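Let us start with two forms of the same protein chain, each given on its own as C-alpha cells and named structure 1 and structure 2.
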Structure 1
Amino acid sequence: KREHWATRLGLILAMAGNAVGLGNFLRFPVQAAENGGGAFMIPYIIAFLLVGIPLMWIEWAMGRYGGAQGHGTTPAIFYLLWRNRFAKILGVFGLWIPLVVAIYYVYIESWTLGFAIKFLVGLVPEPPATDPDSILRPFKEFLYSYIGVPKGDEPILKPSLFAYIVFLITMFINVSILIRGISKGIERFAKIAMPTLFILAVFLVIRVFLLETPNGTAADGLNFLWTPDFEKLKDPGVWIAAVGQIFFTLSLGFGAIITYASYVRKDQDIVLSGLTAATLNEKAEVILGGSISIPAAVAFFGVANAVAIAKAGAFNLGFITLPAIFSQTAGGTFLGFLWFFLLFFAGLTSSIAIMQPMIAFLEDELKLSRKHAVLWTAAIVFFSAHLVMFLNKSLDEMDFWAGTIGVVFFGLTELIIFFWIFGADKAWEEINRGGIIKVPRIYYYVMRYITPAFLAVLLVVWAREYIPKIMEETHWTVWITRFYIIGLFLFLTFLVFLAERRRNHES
C-alpha cells in the first residue's frame, strides 16, 4: 500500500539529512560567538534535552501513526489525532511551511552549486594587501553580482543568466532524486551524500585547523568557542537563542520529519532511530560545523574582528567571509570549492526533505502518481521562486513567516494536538511502541509541561521582539510576498477541501 524505508541505516542518514542543510555549519557557530561559545553550551544542551529530543520524538510518532493509516501529512494526521474541522485547517500549516521554505531554499541551494562551479574552475575575484575590508569587499561584490542585488534603494533583483541556469540545474537534480522515490531516491542518495559530507567536513576541519596569520591562529579561534563566559549564562537572551537554534539543529516544525516518519513501518523503532539521528545532527553541528567558520575567521582577523564579523550574520559568514578567508591560503579556490560543495550536498539532502511533504499530500490525498506528484510540486516551487529571485526582500519575508515564526508556532501545535488533545497516555504509547529502547518516564513530564512551556516562551518572546516591533518600517513590497504566500495557504486549503470531496465519493 505505502512506500517504506528499505534499511534502518538509510532511514537514519535520511532523517539526519534534513537538519544538515538548514545552516548546521553556519548557524550554531554564530549563536555561540554572540552568546559566548563556552558558556552557550549549557543552554544549548538544556534546549536539546528539554525541547529538541521531545519534539523530535513527537514528530516521529505522528508521522508513523499517520503512515499506518496511509497519510504522511498534517491535514490528515491532525484530523486522525483530533476529530475536528479546526485540526484540518491547522494541518494546512504543516504543508504550507515546507512548501514556502522550499520556494526560497532551493534557490539558495543553487547559489552553492553555482559558487562551487565557479570556484572549481577558478572564476572568482582575487584581492590584490592586507586590509580587512579590501579582502571582504571583492567577494561581497561577487555574491551581489550573482544574485543581482540593486544599488540598495531599488526593490528589483536582476539575477544573472548563470544563476538562473544553475537554479534550473539544481531543480532538475532535486527532481531526479525525488522521482525515484523514498528508497530508490531519497534513501539511496542519503547513503551517498552523508558520508561524502563527513569526509569534506573532516578534511575542511583539518585544513582550517592549520591556518595561521599574524592576526592570529585557528587554534586560538577554536578556544573561543569552548572556554566559558559563565557571566553570560545568566542572560535570558542566551536561552532564547539556544532554543531557536535547536529547531534548525533538528529541522523541527518544517514537517520533514513527519512525512519521512510516515514511511517508517508501523512497528519499526522510532525511539532509537530518532535519538541516533538527532545525535548525528548535534555532533555534526557542534564538532564539524563549529570548527570551520569561526576558527578560520579568528585566524585571519583576530578574535575581536571575528566577533564583529560573526555579528554580520551566518549568511555573511558563509558566502563572503569564509570564501575571502580561504582566498588567501594555499590551494584556496579549491578549498572554497570544497566548502561550497559541502553546502550544496547538505542543501540537497534538506531540499528533498521539505519538498517531500507536498509530494506525499498529492499521492496520499489527491491520489496522484509519484511522477505527477513530483513534477507538479516541482512546477509550483519553480514558478513561485521567481518571486524570491526578482523581488528584493521577498526571500527575507518568506523566511520569517515560514522558517522563523512558522516552525516554532507549528511545533507547539504538534505538542498540544498529540499530547493534550489526542491524550498524553495515548501519545506515550504511540511513541514507545516498537521501540528498541524506551523513552524514560521523566520525558512524560517534559513532553506535557516543560517542552510546551519553553516553546510558548520562545514564541511570545520571538513574537513581541520581531512580529509587532517593526511592522511599519518594512518596505511596501513585502505585501507582494505576503499576498502570494497567503494565496498559497488558500490554495492548499482548497486542495484539502477537494481531498475530502473525493474521499466522500470513494465510498
Structure 2
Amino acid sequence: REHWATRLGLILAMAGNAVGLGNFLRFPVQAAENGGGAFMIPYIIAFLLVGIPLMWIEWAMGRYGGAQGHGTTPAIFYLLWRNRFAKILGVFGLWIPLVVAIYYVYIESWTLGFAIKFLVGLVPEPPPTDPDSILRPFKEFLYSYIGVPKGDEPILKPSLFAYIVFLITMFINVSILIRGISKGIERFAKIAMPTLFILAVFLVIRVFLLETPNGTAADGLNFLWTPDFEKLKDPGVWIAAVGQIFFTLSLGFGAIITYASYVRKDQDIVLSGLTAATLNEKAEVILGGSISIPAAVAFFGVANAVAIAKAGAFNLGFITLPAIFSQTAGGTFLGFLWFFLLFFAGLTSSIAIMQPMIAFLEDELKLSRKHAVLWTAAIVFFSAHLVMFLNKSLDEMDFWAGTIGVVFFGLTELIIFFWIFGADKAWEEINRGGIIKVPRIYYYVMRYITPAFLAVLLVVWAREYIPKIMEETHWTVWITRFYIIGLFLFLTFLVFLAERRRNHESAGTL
C-alpha cells in the first residue's frame, strides 16, 4: 500500500482535507445565522464531545483497515463486524463523499472562475454610497456566472466561462490525484497549506483595517465572540453547531478514514489526529471567522450583516465581501486573493472526497490508479451536470449527504467500532503507537456520551425538521433524490462485484 512519506506531509494533507470552503464560507453563515456568540458555545461543546472523539475513531479505523489493504468503509466495516449488513452500511462511506464531491467541486470551480476574472479585472463597476447600488452589480455578477433562474422554470443556465472553468477544475483535481498519495496529495499539501495560511492571515489583517460610519471590524469580532447563554436551549442552534463540526472536520464522509489508511500500521494517530483537528479549528474560528463577518459588519452593521447571511448562503462570500473590497484601493486584487484562497482551500478538500472512490476501485476492484482516478472523475463530472442545471439540486445533495448523512454515518461508525467491534478493542487500537495517549475520560465519552448526543440530535432532526423538507419543497427535488438513490444502488452493485471478485480470487488461492 502507498504510505505518507513524512509526518509533516501527513499532517498538512489531513489539515488540507479538513480546511476548506467549510471554514471560510460555511462557518460564517452558520454563525451569523445563529446569533454569532450564541452559536459558539454549542460549537465548542460539539467539538469537544463529537469532533475530537470521532476524529480519533476515524483515524483508527482507517489505519486498522489500511494494515489489511483496505481504505474504505464497505470493507473496513466488515473487518470490524463480519456481517453482510456491515458491507451495505459501508456503502455510505463511498456514497456520501461522492455526492458531496458532485456539488463541492462545482462550488470550488466558481472560486477559480472568480479568481481568474478578478485577477484580470473583468469585474463589475459599482457606482461612485447606497448599499443596493453597491451590492447589486456583484449579485448580478454571481447570478450570471451560475445562471440563476430569471423566470419560473427551476432551470439554471451557467455561463460558458463557468462551464469551461468547471472542466479545468476537474482536470486540476485529476492532475493531483493521478500522482497518488505521496507524490500527489502529500506533495501538493506541502505547497497549498503554507500558501493558504499566508493568504488568509493577510486578508484578516486587511479586513481588520476596515472602518466606516457603520462600524469597524472589531464590532464583528464582538458579535461573534460574545456569549448569549439564552440560546443554549435551542435545538436548532445545536443541530447547526454539530452539523458544522462534522462538515468542517470532514467527519462522516469516509475521507479521514481513507487518508488514514495510508498511515503506517505502527504510526501515531493520537497526536496527529488531534493536531489536524486543532489546525482546522484555528483556521475556522480565527481565520474564517475574522474575514467575512467583521468585513460585513464594519460596512453594514450587525443587523444588516446578519440579514445578508440569512437571505442567501453564498451572498457573504461571493457577493458581499467582493463588493466591500471594491470600495477600497486595490480592492479588485484583494478580491482575487480571496477567491484564490477559497480555490486552494477547496482543492485540498475536494481531492480528499474523491480519494475514497479511488481507493475502493484500487483496493477492491483492483483497477490501476490511473483508471480509478479517471473513472471517478468521469462519474463526478457527469453527475455534476445535475447540480449545474437544476436549481436547488445542490441544496438537496448538501442536505442528504453533507448534512444528515454525515451525522448518521458518524453515529454508525462509532457504534460499529466502539460497540460491536468492542470498546476495549477499539480503545486499544486508537492508542496503539500513540506519541500521546487519549485522555481517559474520552473512553466514556466515546462509548456513552457521543452516541447518545448524536442519537438525540438525529431524532429531533427527523421529527421537527425533515418533514418540512419532505412536504414543502418543489417537485424537482425528487429528480435529485432519485438520482442519488440510483448512485447508492450503483455503488452497492460495485461492492457486490468486489465480493464476487474476492470469492473468485480465493477459489484461485486454493
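For clarity, a rigid core is taken as the largest C-alpha set superposing within 1.5 Å between two forms. Numbering for residues begins at 1 and runs along the sequence of structure 1.
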query: Comparing forms between structure 1 and structure 2 after core superposition, the one residue of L157, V238, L143, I380 displaced by 2 Å or more at CA; finding: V238
query: C-alpha of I309 moved at least 2 Å between structure 1 and structure 2 on rigid core; finding: yes
query: Post core alignment: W226 C-alpha displaced by 2 Å or more between structure 1 and structure 2; finding: yes
query: Core-aligned C-alpha movement of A68 between structure 1 and structure 2 reaching 2 Å; finding: no
query: Per-residue C-alpha deviation between structure 1 and structure 2 [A39; rigid core superposition; Å]; finding: 4.9
query: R8: CA movement between structure 1 and structure 2 [superposed on rigid core, Å]; finding: 0.4
query: Rigid-core-fitted C-alpha displacement of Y466 between structure 1 and structure 2 (angstrom); finding: 2.7
